[PDB]
């Protein structure tokens, strides 16, 4: 297993990861800040032509083109940074597994596995589901709040959903017509049912991007 250290004093954390010989970790594309010489970064693109094959094989394998993997030859170190201002949460995988929205993934033990699934509509919207043993690092835009469902139901703007228990029943959908959505400024929501945890974030990336539009 990889050993990590999420900075506790920094408002916007960096995560330092220690990898033993032969150890590896999946990471958010571009999240690398630095790494020791004995640590190599591998991608699926190892001009045009069969890079289409690279993308082609991932679409059926359920893999993501925006996830890379770092391998260590001996004891190595690396540091990652989330692509959005916020926090990082580490979740232990095993008896419990999780699903995550696009952009919430930061890192995953090489010992674990993951699969991507396109949601059946209200680009594309994909949800990641974990499997195996290891640690999952999720990141938020804004601050994180942990909510526990004890059998009931709850519906939340999906733009504020970071990750949630795989054991929960979920459904991402639109609450009304497109024209009605234009007025509310609300996108698809995620309705959860059952027992498990839901991690939400206090900021909406789409809404923030919207405030920048006028100046762009």
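Residue numbers count along the first chain shown, from 1.
Problem set entry | Residues with no coordinates between residue 46 and residue 47, taken from the deposited sequence as a class | The entry has a gap there, with 4 to 9 residues left out between residue 46 and residue 47.
Exercise. Unmodelled deposited residues between residue 132 and residue 133: none, 1 to 3, 4 to 9, or 10 or more?
Worked result: Missing in between: none.
Problem set entry | Residue stretch of maximal mean CA temperature factor, 154-162 vs 30-38 | It is 30-38.
Problem set entry | 75-83 versus 135-143 - which carries the larger mean C-alpha B factor in the record | Between 75-83 and 135-143, it is 75-83.
Exercise. Which has the highest CA B-factor per the PDB entry: 67, 149, 179, 189?
Worked result: Highest C-alpha B-factor among the listed options: 179.
Problem set entry | Most elevated Cα B-factor in the entry, residues 93, 125, 89, 106 | Among 93, 125, 89, 106, the PDB entry lists the largest C-alpha B-factor for 125.
For this session: Just say lowest, middle or highest third for the CA B-factor of residue 212 relative to the other modelled residues in its chain.
Result: Its C-alpha B-factor, which the entry lists for residue 212, ranks in the middle third among residues of this chain.
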